[PDB]
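Pasting query35.pdb here (PDB, C-alpha atoms and all ligand atoms):
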ATOM      1  CA  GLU A   2     -11.107  -7.233  -0.325
ATOM      2  CA  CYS A   3      -9.478  -4.505  -2.267
ATOM      3  CA  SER A   4      -8.848  -1.985   0.502
ATOM      4  CA  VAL A   5      -6.378  -1.100   3.209
ATOM      5  CA  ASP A   6      -6.811   0.983   6.337
ATOM      6  CA  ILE A   7      -3.672   2.983   7.100
ATOM      7  CA  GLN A   8      -2.760   5.435   9.812
ATOM      8  CA  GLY A   9      -0.277   8.335  10.011
ATOM      9  CA  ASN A  10       0.425   9.188  13.588
ATOM     10  CA  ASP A  11       1.964  11.988  15.677
ATOM     11  CA  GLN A  12       5.453  10.339  15.384
ATOM     12  CA  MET A  13       5.673  10.734  11.607
ATOM     13  CA  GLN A  14       4.955   7.076  11.025
ATOM     14  CA  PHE A  15       2.673   5.139   8.733
ATOM     15  CA  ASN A  16       1.557   1.724  10.215
ATOM     16  CA  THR A  17       2.585  -0.205   7.139
ATOM     17  CA  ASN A  18       5.551  -0.089   4.753
ATOM     18  CA  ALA A  19       4.141  -2.621   2.296
ATOM     19  CA  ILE A  20       0.738  -2.685   0.777
ATOM     20  CA  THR A  21      -0.381  -5.792  -1.173
ATOM     21  CA  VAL A  22      -3.187  -5.408  -3.823
ATOM     22  CA  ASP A  23      -4.805  -8.638  -4.962
ATOM     23  CA  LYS A  24      -4.411  -8.678  -8.775
ATOM     24  CA  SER A  25      -8.170  -9.319  -9.496
ATOM     25  CA  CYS A  26      -9.097  -5.990  -7.920
ATOM     26  CA  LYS A  27     -10.651  -3.486 -10.291
ATOM     27  CA  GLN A  28     -10.608  -0.586  -7.836
ATOM     28  CA  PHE A  29      -8.421  -0.357  -4.787
ATOM     29  CA  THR A  30      -9.203   1.903  -1.804
ATOM     30  CA  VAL A  31      -6.963   3.430   0.833
ATOM     31  CA  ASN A  32      -8.602   4.656   4.012
ATOM     32  CA  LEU A  33      -6.221   7.075   5.857
ATOM     33  CA  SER A  34      -6.763   8.296   9.383
ATOM     34  CA  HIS A  35      -4.681  10.311  11.825
ATOM     35  CA  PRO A  36      -4.767   9.243  15.465
ATOM     36  CA  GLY A  37      -3.150  11.547  17.867
ATOM     37  CA  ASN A  38      -3.465  15.292  18.542
ATOM     38  CA  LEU A  39      -1.233  17.355  16.287
ATOM     39  CA  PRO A  40      -2.890  19.660  13.762
ATOM     40  CA  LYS A  41      -2.572  19.515  10.060
ATOM     41  CA  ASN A  42      -0.222  22.363   9.598
ATOM     42  CA  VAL A  43       2.280  20.831  12.122
ATOM     43  CA  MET A  44       2.091  17.068  11.312
ATOM     44  CA  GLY A  45      -0.494  16.603   8.607
ATOM     45  CA  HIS A  46      -0.358  13.506   6.459
ATOM     46  CA  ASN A  47      -1.533  12.396   3.115
ATOM     47  CA  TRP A  48      -1.145   9.179   1.164
ATOM     48  CA  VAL A  49       0.237   9.520  -2.277
ATOM     49  CA  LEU A  50       1.079   6.916  -4.896
ATOM     50  CA  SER A  51       3.591   7.129  -7.763
ATOM     51  CA  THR A  52       6.108   5.053  -9.626
ATOM     52  CA  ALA A  53       9.395   4.657  -7.707
ATOM     53  CA  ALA A  54      11.109   6.819 -10.319
ATOM     54  CA  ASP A  55       8.529   9.689  -9.935
ATOM     55  CA  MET A  56       8.514   9.813  -6.161
ATOM     56  CA  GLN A  57      11.233  12.307  -5.640
ATOM     57  CA  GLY A  58       9.850  14.787  -8.076
ATOM     58  CA  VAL A  59       6.281  14.459  -6.714
ATOM     59  CA  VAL A  60       7.657  15.144  -3.262
ATOM     60  CA  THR A  61       9.770  18.198  -4.329
ATOM     61  CA  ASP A  62       6.930  19.665  -6.346
ATOM     62  CA  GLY A  63       4.540  19.045  -3.447
ATOM     63  CA  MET A  64       6.670  20.936  -1.041
ATOM     64  CA  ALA A  65       6.775  23.844  -3.541
ATOM     65  CA  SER A  66       2.918  23.850  -3.885
ATOM     66  CA  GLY A  67       2.467  24.350  -0.197
ATOM     67  CA  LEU A  68      -0.081  23.656   2.575
ATOM     68  CA  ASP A  69      -3.016  25.289   0.819
ATOM     69  CA  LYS A  70      -2.598  22.609  -1.981
ATOM     70  CA  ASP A  71      -2.159  19.740   0.419
ATOM     71  CA  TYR A  72       1.546  19.655  -0.410
ATOM     72  CA  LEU A  73       0.801  18.361  -3.913
ATOM     73  CA  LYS A  74       1.166  19.814  -7.301
ATOM     74  CA  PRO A  75      -2.346  20.440  -8.722
ATOM     75  CA  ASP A  76      -3.219  17.671 -11.297
ATOM     76  CA  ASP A  77       0.305  16.160 -11.083
ATOM     77  CA  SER A  78       0.314  13.644 -13.800
ATOM     78  CA  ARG A  79       2.746  11.443 -11.903
ATOM     79  CA  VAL A  80       0.313  10.909  -9.008
ATOM     80  CA  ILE A  81      -1.563   7.755  -9.592
ATOM     81  CA  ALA A  82      -3.784   8.591  -6.619
ATOM     82  CA  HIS A  83      -3.808  10.553  -3.453
ATOM     83  CA  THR A  84      -5.756  11.369  -0.391
ATOM     84  CA  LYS A  85      -6.306  14.810   1.050
ATOM     85  CA  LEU A  86      -3.930  16.114   3.684
ATOM     86  CA  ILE A  87      -5.440  15.455   7.148
ATOM     87  CA  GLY A  88      -4.635  16.415  10.666
ATOM     88  CA  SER A  89      -5.354  14.659  13.912
ATOM     89  CA  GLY A  90      -8.794  13.256  14.292
ATOM     90  CA  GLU A  91      -9.582  13.415  10.542
ATOM     91  CA  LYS A  92      -9.804  10.775   7.848
ATOM     92  CA  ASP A  93      -9.928  10.603   4.100
ATOM     93  CA  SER A  94     -10.214   7.846   1.528
ATOM     94  CA  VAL A  95      -9.276   7.535  -2.105
ATOM     95  CA  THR A  96     -10.093   4.874  -4.657
ATOM     96  CA  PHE A  97      -8.142   4.336  -7.836
ATOM     97  CA  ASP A  98      -8.311   2.049 -10.771
ATOM     98  CA  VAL A  99      -6.029  -0.988 -10.542
ATOM     99  CA  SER A 100      -5.606  -0.808 -14.290
ATOM    100  CA  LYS A 101      -3.429   2.295 -13.646
ATOM    101  CA  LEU A 102      -0.801  -0.236 -12.239
ATOM    102  CA  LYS A 103       1.365  -2.642 -14.421
ATOM    103  CA  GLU A 104       3.104  -5.983 -13.644
ATOM    104  CA  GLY A 105       6.846  -5.509 -13.286
ATOM    105  CA  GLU A 106       6.607  -1.797 -12.311
ATOM    106  CA  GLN A 107       7.606  -0.685  -8.853
ATOM    107  CA  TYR A 108       5.171   1.617  -7.014
ATOM    108  CA  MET A 109       5.831   3.647  -3.840
ATOM    109  CA  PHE A 110       3.520   5.398  -1.538
ATOM    110  CA  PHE A 111       4.481   8.276   0.692
ATOM    111  CA  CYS A 112       3.371  11.299   2.547
ATOM    112  CA  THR A 113       4.350  14.667   0.959
ATOM    113  CA  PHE A 114       4.124  16.898   4.019
ATOM    114  CA  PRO A 115       7.605  18.419   4.194
ATOM    115  CA  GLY A 116      10.194  16.037   5.552
ATOM    116  CA  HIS A 117       7.785  13.140   6.263
ATOM    117  CA  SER A 118       8.779  10.997   3.241
ATOM    118  CA  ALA A 119      12.194  10.277   4.966
ATOM    119  CA  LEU A 120      10.265   7.715   7.098
ATOM    120  CA  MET A 121       6.623   7.764   5.740
ATOM    121  CA  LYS A 122       7.001   5.689   2.604
ATOM    122  CA  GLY A 123       6.637   2.057   1.515
ATOM    123  CA  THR A 124       5.929  -0.224  -1.395
ATOM    124  CA  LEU A 125       2.670  -1.005  -3.119
ATOM    125  CA  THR A 126       2.679  -4.316  -5.068
ATOM    126  CA  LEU A 127       0.281  -6.554  -6.869
ATOM    127  CA  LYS A 128      -0.101 -10.165  -5.471
TER     128      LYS A 128
HETATM  129 CA    CA B 201     -12.119  10.944  -1.166
HETATM  130 CU    CU B 202       2.961  13.098   6.860
END

If you convert what's in this file into structure tokens, what do you get?
Amino acid sequence: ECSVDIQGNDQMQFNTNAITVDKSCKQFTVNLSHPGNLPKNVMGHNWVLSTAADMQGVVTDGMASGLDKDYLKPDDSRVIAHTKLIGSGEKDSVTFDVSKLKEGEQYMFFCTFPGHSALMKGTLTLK
């Protein structure tokens, strides 16, 4: 109930492209880990959640903020929730309120490390 375990690996892949959140959930938790051996500054990953329309800007601003900010704009109002940036062998979790999500909206999740969102993205939907 109300959580998903997700991996980002050394091939610039997340192990899901569609996350389902049961609608009765008050808080939803994403548990990110990084198998593999590459360090954070070479193939670090985070998990970041925004509306479909906000994704591109979150990504572009993230790249501009740089590594030392985990490739995310500090207090970006468009980020519904995010993990830390992690490298191999690390993990991080985040929990966010399900009330921050609305029926009929389309949410995307992605990694903001530069370039990774080309393949490391997917949908998040209420079920
Ligand atoms: Ca945390
Ligand atoms: Cu990544």

Residues in the PyMOL selection byres (((not hetatm)) within 12 of (chain B and resi 201)), expressed as a PyMOL selection string: chain A and resi 30-33+47-48+82-87+92-97

From A:116, A:58, A:75, A:90, residue lying nearest ligand CU 202 (chain B) [only C-alpha atoms and all ligand atoms]: A:116

Closest-contact table, chain A side, partner ligand CU 202 (chain B), 7 Å, counting only C-alpha atoms and all ligand atoms, as a tab-separated table:
residue	atom	partner	partner_atom	distance
A:9	CA	B:CU202	CU	6.6
A:13	CA	B:CU202	CU	6.0
A:44	CA	B:CU202	CU	6.0
A:45	CA	B:CU202	CU	5.2
A:46	CA	B:CU202	CU	3.4
A:47	CA	B:CU202	CU	5.9
A:112	CA	B:CU202	CU	4.7
A:113	CA	B:CU202	CU	6.3
A:114	CA	B:CU202	CU	4.9
A:117	CA	B:CU202	CU	4.9
A:121	CA	B:CU202	CU	6.6

Hits of the PyMOL selection byres (((chain A and resi 98) around 7) and not hetatm) in this structure, as JSON, numbers by chain: {"A": [27, 28, 29, 96, 97, 99, 100, 101]}

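Closest to residue 43 of chain A among A:63, A:123, A:115, A:105 is A:115, based on only C-alpha atoms.
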
Explicit residues for the PyMOL selection byres (((chain A and resi 17) around 10) and not hetatm) (as a count of residues only): 15

One-decimal distance in Å that lies between atom CA of residue 81 of chain A and atom CA of residue 26 of chain A: 15.8 Å

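Take the candidates A:39, A:2, A:10, A:111 and check each one against residue 22 of chain A using only C-alpha atoms; the shortest distance goes to A:2.
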
Is it possible to get the residues within 12 Å of (-8.1, 26.5, 9.5) (coordinates as in the file, counting all atoms listed in the file) written as a tab-separated table (two decimals) with C-alpha atoms, in the frame of the given file?
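So part_1.tsv came out as:
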chain	number	residue	atom	x	y	z
A	40	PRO	CA	-2.89	19.66	13.76
A	41	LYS	CA	-2.57	19.52	10.06
A	42	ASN	CA	-0.22	22.36	9.60
A	68	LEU	CA	-0.08	23.66	2.58
A	69	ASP	CA	-3.02	25.29	0.82
A	87	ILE	CA	-5.44	15.46	7.15
A	88	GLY	CA	-4.64	16.42	10.67

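Distances from A:49, A:127, A:54, A:3 to residue 80 of chain A were compared using all atoms listed in the file, and the smallest one belongs to A:49.
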
Atom CA of residue 35 of chain A to atom CA of residue 89 of chain A, distance in Å rounded to a single decimal: 4.9 Å

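In this comparison, which uses only C-alpha atoms, the residue of A:51, A:12, A:107, A:66 approaching residue 78 of chain A most closely is A:51.
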
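Between residue 74 of chain A and the residues A:23, A:102, A:4, A:62, the shortest atom-to-atom distance, using all atoms listed in the file, involves A:62.
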
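One distance worth recording is that between atom CA of residue 126 of chain A and atom CA of residue 73 of chain A, which is 22.8 Å.
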